[PDB]
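Report on the structure
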Amino acid sequence: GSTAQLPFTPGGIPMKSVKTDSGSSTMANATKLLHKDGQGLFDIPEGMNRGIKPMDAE
Amino acid sequence: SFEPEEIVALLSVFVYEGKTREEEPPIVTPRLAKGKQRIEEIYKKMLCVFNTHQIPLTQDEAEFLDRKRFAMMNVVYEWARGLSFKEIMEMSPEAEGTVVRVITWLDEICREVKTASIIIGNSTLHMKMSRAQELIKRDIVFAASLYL
Amino acid sequence: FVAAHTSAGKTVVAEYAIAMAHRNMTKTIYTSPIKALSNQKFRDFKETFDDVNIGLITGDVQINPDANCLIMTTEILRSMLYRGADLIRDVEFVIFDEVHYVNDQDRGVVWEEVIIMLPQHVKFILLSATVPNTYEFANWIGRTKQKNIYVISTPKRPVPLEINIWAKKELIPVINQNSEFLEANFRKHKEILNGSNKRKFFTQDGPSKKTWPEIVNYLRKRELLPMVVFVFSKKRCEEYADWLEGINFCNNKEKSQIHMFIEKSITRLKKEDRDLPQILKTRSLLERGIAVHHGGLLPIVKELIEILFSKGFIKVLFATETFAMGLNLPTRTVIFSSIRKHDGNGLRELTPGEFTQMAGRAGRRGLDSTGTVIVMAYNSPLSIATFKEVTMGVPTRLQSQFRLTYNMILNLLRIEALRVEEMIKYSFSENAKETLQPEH
Amino acid sequence: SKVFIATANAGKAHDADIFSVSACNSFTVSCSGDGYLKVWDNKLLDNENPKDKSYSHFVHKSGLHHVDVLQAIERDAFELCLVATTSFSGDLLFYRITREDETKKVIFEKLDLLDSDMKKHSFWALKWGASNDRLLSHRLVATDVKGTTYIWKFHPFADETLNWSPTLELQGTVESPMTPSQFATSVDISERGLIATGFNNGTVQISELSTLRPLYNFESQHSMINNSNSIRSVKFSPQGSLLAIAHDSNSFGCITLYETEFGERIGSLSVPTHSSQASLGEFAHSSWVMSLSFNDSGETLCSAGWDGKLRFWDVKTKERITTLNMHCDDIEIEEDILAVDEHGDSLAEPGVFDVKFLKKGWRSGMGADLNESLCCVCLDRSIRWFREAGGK
Amino acid sequence: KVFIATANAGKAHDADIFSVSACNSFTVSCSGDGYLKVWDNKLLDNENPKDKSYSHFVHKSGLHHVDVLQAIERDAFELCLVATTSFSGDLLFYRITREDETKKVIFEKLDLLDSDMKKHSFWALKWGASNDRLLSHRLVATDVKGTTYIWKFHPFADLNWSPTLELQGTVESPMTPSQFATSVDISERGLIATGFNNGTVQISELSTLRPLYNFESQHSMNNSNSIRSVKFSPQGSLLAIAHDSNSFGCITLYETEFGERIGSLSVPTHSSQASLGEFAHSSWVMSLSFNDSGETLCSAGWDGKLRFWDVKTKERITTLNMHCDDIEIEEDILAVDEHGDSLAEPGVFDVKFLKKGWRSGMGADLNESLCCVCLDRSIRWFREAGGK
Amino acid sequence: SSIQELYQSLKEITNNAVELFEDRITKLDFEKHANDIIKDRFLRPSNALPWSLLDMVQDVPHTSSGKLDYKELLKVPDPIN
Amino acid sequence: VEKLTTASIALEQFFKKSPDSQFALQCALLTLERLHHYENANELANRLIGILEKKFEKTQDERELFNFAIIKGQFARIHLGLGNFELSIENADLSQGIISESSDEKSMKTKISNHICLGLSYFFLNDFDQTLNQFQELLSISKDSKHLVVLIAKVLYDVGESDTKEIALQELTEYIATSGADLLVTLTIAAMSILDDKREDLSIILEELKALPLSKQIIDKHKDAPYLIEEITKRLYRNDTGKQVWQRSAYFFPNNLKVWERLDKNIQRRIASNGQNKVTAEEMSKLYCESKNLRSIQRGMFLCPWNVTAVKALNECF
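Per the PDB record, this model was obtained through cryo-EM at a reported resolution of 3.8 Å.

1. A short note on the overall build of chain D
On a plain count of helices and strands, chain D comes out with 0 helices and 27 strands. For 392 residues, the compact-globule estimate of 2.2 N^0.38 gives 21 Å, and chain D sits close to it at 21 Å.

2. Some points on the overall build of chain G
Along its length, chain G carries 19 helices and 0 strands. Radius of gyration (C-alpha) of chain G: 25 Å, far over the 20 Å computed for a compact globule of 318 residues. With respect to the three principal axes, the spread of C-alpha positions in chain G is 75 × 50 × 35 Å. Taking the intrachain contacts of chain G between residues at least 6 apart in sequence as the baseline, contacts between residues at least 24 apart amount to 42%.

3. A word on the interface of chain F and chain G
The interface of chain F with chain G comprises 39 residues on the first partner and 48 residues on the second. Of the residues assigned to the side of chain F that touches chain G, the class counts are 22 nonpolar, 9 polar and 8 charged.

4. Thoughts on the environment of D:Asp248
Residue and element names in this part refer to chain D. As for its position among the elements, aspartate 248 is in strand β18 (residues 242-249). Between the alpha carbons of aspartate 248 and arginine 232 there is a distance of 7.4 Å; along the sequence they are 16 residues apart. There is a polar contact of 2.8 Å between the side chain of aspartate 248 and the side chain of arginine 232.

5. Quick look at the arrangement of the chains
Most contacts, when the 10 pairs of chains in contact are compared, are made between chains F and G. Contact between chain E and chain F is absent, and the least distance between their C-alpha atoms amounts to 17 Å. Nothing in chain B touches chain G; the tightest C-alpha to C-alpha distance between them is still 14 Å.

6. Observations concerning the packing of aromatic side chains
Measuring from ring centre to ring centre gives 5.2 Å for D:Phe19 and D:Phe353, while their planes differ by 65°; the resulting arrangement is edge-to-face. A cation over an aromatic ring shows up here: E:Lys37 above the ring of E:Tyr35, its NZ or CZ 5.5 Å from the ring centre. One residue, G:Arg34, lies across the ring of F:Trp51, its end atom 5.5 Å from the ring centre.

7. Describing the pairing of strand β26 (residues 373-377) of chain D
Residues and elements named next belong to chain D. Of the pairings in the sheet, the one linking strand β25 (residues 356-358) to β26 comprises 3 bridges and is antiparallel in character. Bridging from a neighbouring strand, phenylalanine 357 pairs with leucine 374 of β26. Alignment of β26 against strand β27 (residues 383-387), held across 4 bridges, turns out to be antiparallel. Residue pairing in the sheet places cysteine 375 in a bridge with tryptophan 385 of β27.

8. As for the UniProt feature "repeat: WD" in chain D
Residues and elements named next belong to chain D. Mapped onto the present numbering, the UniProt feature "repeat: WD" falls at residues 20-41, 66-100, 125-156, 186-208, 233-259, 291-314 and 354-387. Within residues 66-100, the helical portion is 0% and the strand portion 69%, while the C-alpha atoms at the span's ends are 27 Å from each other. The distance separating the terminal C-alpha atoms of residues 291-314 is 16 Å; by composition the span is 0% helix and 67% strand.

9. Thoughts on the pairing of strand β3 (residues 27-31) of chain D
Residue and element names in this part refer to chain D. Of the strand pairs in this sheet, strand β2 (residues 20-23) and β3 are connected by 4 bridges, and their pairing is antiparallel. Opposite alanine 23, over in β3, you have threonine 28 as the bridge partner. Adjacent in sequence and paired antiparallel, β2 and β3 are bridged by 3 residues. In terms of strand pairing, β3 meets strand β4 (residues 38-41) through 4 bridges, oriented antiparallel. Across the sheet, residue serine 30 finds its bridge partner in β4, namely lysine 38. Here β3 hands over to β4 after 6 residues, with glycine 35 in that stretch at a positive phi of 90°.

10. Side note on the sheet that holds strand β13 (residues 161-171) of chain E
All names here are of chain E. Strands sit in the order β10-β11-β12-β13 across an open sheet of 4 strands; the sheet is antiparallel. Looking at which strands have only one partner, the edges of the open sheet turn out to be β10 (122-128) and β13. Each strand axis lies, on average, 25° off the axis of its neighbour in the sheet, ignoring direction. With 5 bridges joining them, β10 and strand β11 (residues 137-143) adopt antiparallel strand pairing. Residue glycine 128 lies in a different strand from β11, and its bridge partner there is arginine 138.

11. Description of the sheet that holds strand β14 (residues 181-186) of chain E
All names here are of chain E. Here we have 4 strands laid out as an open sheet, ordered β14-β15-β16-β17, and antiparallel in their pairing. Pairing within the sheet leaves two strands with one partner each, and these edge strands are β14 and β17 (211-215). For this sheet the average axis-to-axis angle between neighbouring strands, irrespective of direction, equals 15°. As defined by bridge partners, strand β15 (residues 191-196) adjoins strand β16 (residues 201-205) across 5 bridges and the pair is classed as antiparallel.

12. Considerations on unusual backbone geometry
C:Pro226 follows C:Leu225 through a cis peptide bond whose omega is -5°. Counting through the fold element by element, C:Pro226 comes out in the loop between α7 (212-222) and β9 (227-230). Residue D:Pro180 is bonded to the preceding D:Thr179 through a cis peptide linkage, with omega at 0°. With respect to the helices and strands, the residue D:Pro180 is situated in the loop between β12 (174-175) and β13 (197-198). Phi is positive for E:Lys314, which is not a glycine, with a value near 60°.

13. Re the pattern of salt bridges
Salt-bridge contacts for C:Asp368 lead to C:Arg332; the nearest nitrogen and oxygen are separated by 3.6 Å. With C:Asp368 in the loop between α13 (352-359) and β15 (371-375) and C:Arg332 in the loop between β11 (316-319) and β12 (333-336), this pair connects stretches of sequence that are 36 residues apart. In this structure, E:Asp16 engages G:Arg248 in a salt bridge whose closest nitrogen and oxygen atoms are separated by 3.7 Å. One end of the pair, E:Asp16, is in the loop between β1 (5-9) and β2 (20-22); the other, G:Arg248, is in helix α14 (residues 245-252), on a second chain.

14. Quick look at the side chain of E:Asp143
Residues and elements named next belong to chain E. With respect to the helices, strands and loops of the structure, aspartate 143 is situated in strand β11. Of note is the side chain of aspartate 143, whose polar atom sits 2.7 Å from the backbone nitrogen of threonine 147. Excluding its chain neighbours within four sequence positions, the residues that come into contact with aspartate 143 are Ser121, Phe122, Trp123, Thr148, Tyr149 and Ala181.

15. Comments concerning the packing of helix α17 (residues 281-290) of chain G against helix α18 (residues 295-303) of chain G
Residue and element names in this part refer to chain G. With their axes 7 Å apart at the nearest point, α17 and α18 run at an angle of 165° to one another. Regarding the angle of α17 to α18, the classification is roughly antiparallel. Seen along the crossing, α17 lies across α18 with a hand that is left-handed. For the pair α17 and α18, the contacting residues are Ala281, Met284, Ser285, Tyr288 and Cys289 in the first and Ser296, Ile297, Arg299, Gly300, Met301 and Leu303 in the second.

16. Looking at the packing of helix α4 (residues 72-81) of chain B against helix α6 (residues 96-120) of chain B
Residue and element names in this part refer to chain B. Where α4 meets α6, the axes come as close as 11 Å, and the angle between the chain directions of the two elements is 75°. Taken together, the axes of α4 and α6 are roughly perpendicular relative to one another. Together, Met72, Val75, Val76 and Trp79 of α4 and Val99, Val102, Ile103 and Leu106 of α6 make up the contact between the two elements. Tallied by class, residues from the contact of α4 with α6 come to 8 nonpolar, no polar and no charged.

17. What to know about the environment of C:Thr282
All names here are of chain C. Examined against the element boundaries, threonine 282 turns out to sit in helix α11 (residues 277-288). Spatially, the C-alpha atom of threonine 282 lies 8.1 Å from that of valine 292, the residues being 10 residues apart in sequence. Within the structure, the side chain of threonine 282 is placed 2.6 Å from the backbone oxygen of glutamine 278, a separation counted as a polar contact.

18. What to know about the environment of D:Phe78
By the secondary structure assignment, D:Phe78 is in strand β7 (residues 78-87). Beyond its immediate chain neighbours, meaning those up to four positions away, D:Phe78 contacts D:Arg96, D:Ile97, D:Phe157 and D:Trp164.

Conventions used here
Residues numbered from 1 in each chain as written, not as in the entry; some residues may be left out. Chains lettered and ligands numbered in written order. Part of a larger assembly, values for the part shown. Heavy atoms only, no water. Residues with missing side-chain atoms left out of burial classes, pairs and counts. Helix = DSSP H or I, 4+ residues; strand = E, 2+ residues; numbered from the N terminus. Rg over C-alpha atoms; globule rule 2.2 N^0.38 Å. Contact = heavy atoms within 4.5 Å. Nonpolar A, V, L, I, M, F, W, Y, C, P; charged D, E, K, R; others polar. Polar contact = N/O pair within 3.5 Å; in protein donor to acceptor, adjacent residues only side chain to side chain. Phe/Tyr/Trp six-rings, centres within 6.5 Å; stacked < 30°, edge-to-face > 60°. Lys NZ or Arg CZ within 6 Å of the ring centre and 35° of its normal. Pairing = 2+ DSSP bridges. UniProt positions renumbered as here; feature names shortened; annotations may be inferred. Axes fitted to C-alpha atoms, helices over the stretch in contact; angles between N-to-C directions. Salt bridge = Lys/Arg side-chain N within 4 Å of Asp/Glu carboxyl O. Parallel < 35°, antiparallel > 145°, perpendicular 65-115°, else oblique. Left-handed = near helix turned anticlockwise from the far one by under 90°.

Written out as structure tokens, the structure reads:
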């Protein structure tokens, strides 16, 4: 078919992705890592460094 | 710039062992030669880049350029046109089963590259791949499986 | 985990692999590395079973789209776990063909990349040639996957054989049916074997053109048919074949039958393809009596030859190493012309595993379970220690198959689920995984 | 399903070109420019071209261009099997079957059903129908120069055990709805009952047979040439509501997929075919295309081209599986091979006229179970057969 | 250096003169009207070649190609064979012999090939003159399909006259779909240069009927891609081809083994509007011809100017306008008007070298001779060098 | 003449009674009508239009008649069950 | 052609998946114009015109009058040779009042579009002499371009009268001075002068008709005017030297079809038997018929029964 659609589970080896909850630590180092300026207003799209510029540019 | 035949024959360099005593004949067209040269250059570059880090490659990949892989361009090209199996055999140096295997693996490649070609974007390239995939798949190359 | 020998009822597991799955409503994949073998075992599955939906995957398209029991290559199997295939849901017990390939590096790294990377629900069914390191392999795949297993071994052959040496047209038995090393006969043979410049070919080894028929015809008076011979070099196969003359294994009726059967095979192809020199020669050989089998031959030439021989017509045959991996076998005798070959590197003696795979094939099963074997020696002394390490010696242990292909790495770093490091450190190379991780 | 291979072959069947084929469970028959019928047997012996298991019959002086066979079982009184063939002049001569196992002397009845007045309309593209008690009349659709479709209810039985009384009839006269007056190229029925009609100007108009109903139509795909769009074979999926149209476009062939209700082009069955050397477009075959055909299920489509190429088109997802190439040298026995024609042209890529499927248990020459076999006929007076790999 | 004119025969045929082959005694000339006309090379200087002309009406459709073969085999049998292909695509053979006393040229027709092969539509052809490499002589021919037919010709067969053309082989079409084969040539070394109408040149070895290699068009786009006249250097491996652009003439040269290019023949400067396209002639190159000595190469264009090219130098030696009077000075450049063509508009068809002294006069045996044919139907003969 | 009558003239001919095949050749003169192509084919004007004179067709404005103009497809995922 | 078809189908599908947009309806009926789809030209132009019902008391400034005027020329172009010629009249007057007295690029595009359709309406349908010819008279100074006389020369001759012949003469001659070294124009002059049979004109043209530049010859495909040299000879001298230009031109372009058929039917057929050069099903059938035998004729008939000549041949042969 195609490699686009993602595959099924692998057995044996631990895939490390535990929730650890019945906030506290559900989204631990997920939104906390990507956090910068102005009450959590995330300026840059994550992966790269650039930012955003309002309508006054042109 | 290439035609589908030229592409498929060019792709034969990868899917062949190239361990034999006999000599390579002159190349069937200058474009193919150019392609070969380009490939050689790229593999030299890759060898250089691997060598800076100092990691040992496999005996196959260490050899590659030294091995006699480049003669099968002239072989499969004629097949890709639409020629008899005797004529091509009488051009080529290697045994017939080996040649058939090489052709098969080229079909596998053209398939692999076709998807990748689509992914990258160039529709003409995809068409060329599928033009090649049309012509090479015929007769003794994909004969009956006598175990049904 | 089956650690047995070929031609001795290894299909008992393959028989109940489908028969359990077909009643209980799961599916099964037979996974063979060689494509010929896939065709062979497909044919076998068509034959033995009673109305079963079988399938086989090729490059062009799959034969039988809605198959219950698919068949595929190891590469094609691998292409389920990365792509996301339909039949990894439906399959529970996957069969694995020949895991004595587990020693070979260049091709067999796919088995590490698939067996360890299989799903949680999927469980292991294996088939292999015998090896001493039985406990370590199965337990490893068991311990890492966390699946219960048993070491179902088959240490001695229920279909045994005897081994002899050829010297001055004689059968000198070094090993008999019960596997006893005769030291006296070995002494005997050497005591029998006590201006020719190299104008054409090497000065010694490789017999004369009227030796081969002497070897053949002498065995036909005693009547130890059928026999097989194993020649390696592709030119030499042809050479050692074409010297033989005056020898026909089919009568005028059966010759006509052969002619008819070939006429089916040829019908598929064009007149240009039908009248190949190679196919003409082949046609002659089949009509004459015997046939050749090497990888240099064409797909239509090889498979057909394998069938016609396995029909029970051709009783003297010349073939390569890979030929040993077959389906049906009319062979009372198997012969080794030489014990030298050029597998990539250089001159190297064939490993005891290879000796087994080939020599252990010589049993009939259902006629004469104690098979004949005779090794050739052309006016020269045999190296005793080497000979016994080939003959008596243990098939060597399974060595790990690691080969970091960049494609794999690209797949993993794209998909990101199951990260590469996790794979790597937990891989087949042992270190506080199988042995003694509670003491950590 | 993947790639088919030669189960049986033949060569030099008729004196002129073999323009069409007509196959069924019992036997297969071909029609030609010299105008004869050779009823080829299905059950062969192991590894042999029969030849003599196809008894010839005289029909017409001018020729025979289209032909098709129908089989049925109304009752125990007579196992039904009927054939009808069209000529260059345009007369639909019926041919009643009456077989024996040993002798195989299938002589036909002198069948002149219609009177001289109804034969004002020609008969070009005939097509039988299989009705399993949806409508009791065994359906049949033809075409003519005026653009009209006629049916003939042939029941030899009693009550509208069963006494002999063969007859001819008419269900309903469907004409050519489009204006002005036109030549009806081809037409075919469906199992559901939605029976569209094709024309020589690219338009396919949807209709029904019994009710005399013309439903709707649509515009062609680029029609500015002299012979811009000429529809050769309209075909339908046996179970589904799809519509596979085969039409031409100056040099090239064009295959299009539709549906019965909507009539919208989701896609045309095409691949990277050769066209203008480098800069390609989108066509079915490089040359013209004549006869399309489905397998028993209605998934794998198979078109017959003028360039000596069969191509297997997947209907569920519009993409080609594989291509089978046809040459003059494919013929088995040496005496029957025609490499070059009488007027000087190599037949390495001959015109394949009529491909037609043979479902589960029809063909059984050598190595075939309940198989989806295939037949084909080419410009070089040859006739060949193919089969699915394995079966089960 | 300079080429003095011997004579010119005006108003030869009715229609155009297409090809013009030569032998020891005479020049054969085909034409559009349907006559085969031989013209005597042994001329007495002060004479009109009409005086020694011998016509023969062969086919009303006309003759576009013709080829000759003069040789001896057994004792002293003066075998002169003229083979030709008409506009209908029909192959005809003619043996040419003169009377003992009268010296009147008798055109004895030959039908060596059967009607099954004569049926096929041929186009270009050539005689490969053997030297006991083959037992007898060789012949090649093109067709509409590109299936290049080759014949092992035997004039004798147990010594007595018994001519037969056994088929050597048929080199099939290069590409599918096929191409119309425009020109053809065969060398003494044993190579078959087959030219096609899309700038393709299929090279095939003579022994096993196998294609050695092939070239493609320099133009990648149509602006006249077709091949004009493939030609070989007699013994040596150098191989000459002619193709066009949008109404131009371009010569291209390669080696017969590796297929590495060596030089496109051109003339630069301003009267060609700076000139991105370095071309040889301002119009189509209608004919190419190597001399028998090897070095130096003739080239006839539709523009009128016969350009001579030294293969050692890779540069033009001199020009010679055949139709219009343009001798003496030479400000040499391709005339390119902004519409398309040059202001010079004559109609050239073919040019051919002749061996060192098949003519008779002062310019004979001292020098080599030159033959050429035009649209106005005034066949010409020119002496060479002028230094003896 | 009409097609119908021509069709009918051939349809009147019945079968023949050789069994064997025979080849009959037509009697058609390929060639009165000298001024058919001369006084019509060239000077008759275009019923359609030539693409050379389809340059006065349209102009292409950039703005449709912004941000929301380009991305009409923008949307949240499908309703959760 | 393929590309445009793909575009058209894409538009059509879009109009069934997600119809009614701002710019989609505005520039969707131009593909049809390009491809010459006159059957379903006004099939979904009702949606365009219909939608402009809500643009009278809404826009009215520089949009409802400019866009619809542009669309009015388009309408005129569409409804001309479909069935009724009466639609050509007032549809031109929509754009005439909108931007004749305006002057712009858009208005230029609109203006000259209206100049075409009205000239070909009143003569071809109603048989009016000056109704079409008066509108095609002031046209004279329309727009100085190289494709002015390409269309207008064709227009002028087709009145069926002497006066308009004179106007054509005066046109062509007046074109000659400014620009008179093109293909189509010269070919049409040679057509006109062929039907004339003027004594000084034929010689004048035939001296230059043989003397064609090779680029022009390359440009030509079917070879219409290179063929008609023969006709010009036959109507000038009436001799047997007509078969001449065939042999040159065909030799130059060996794969060219129709020319090489005209020399011999077996050659062109053999060229396009399996398929070298481009051909259609009716033309192929015709070729098959013209071989002159039985089997070939039958094959031709099978290919195409809707040509008359094949049928005639069949009728003859029995």
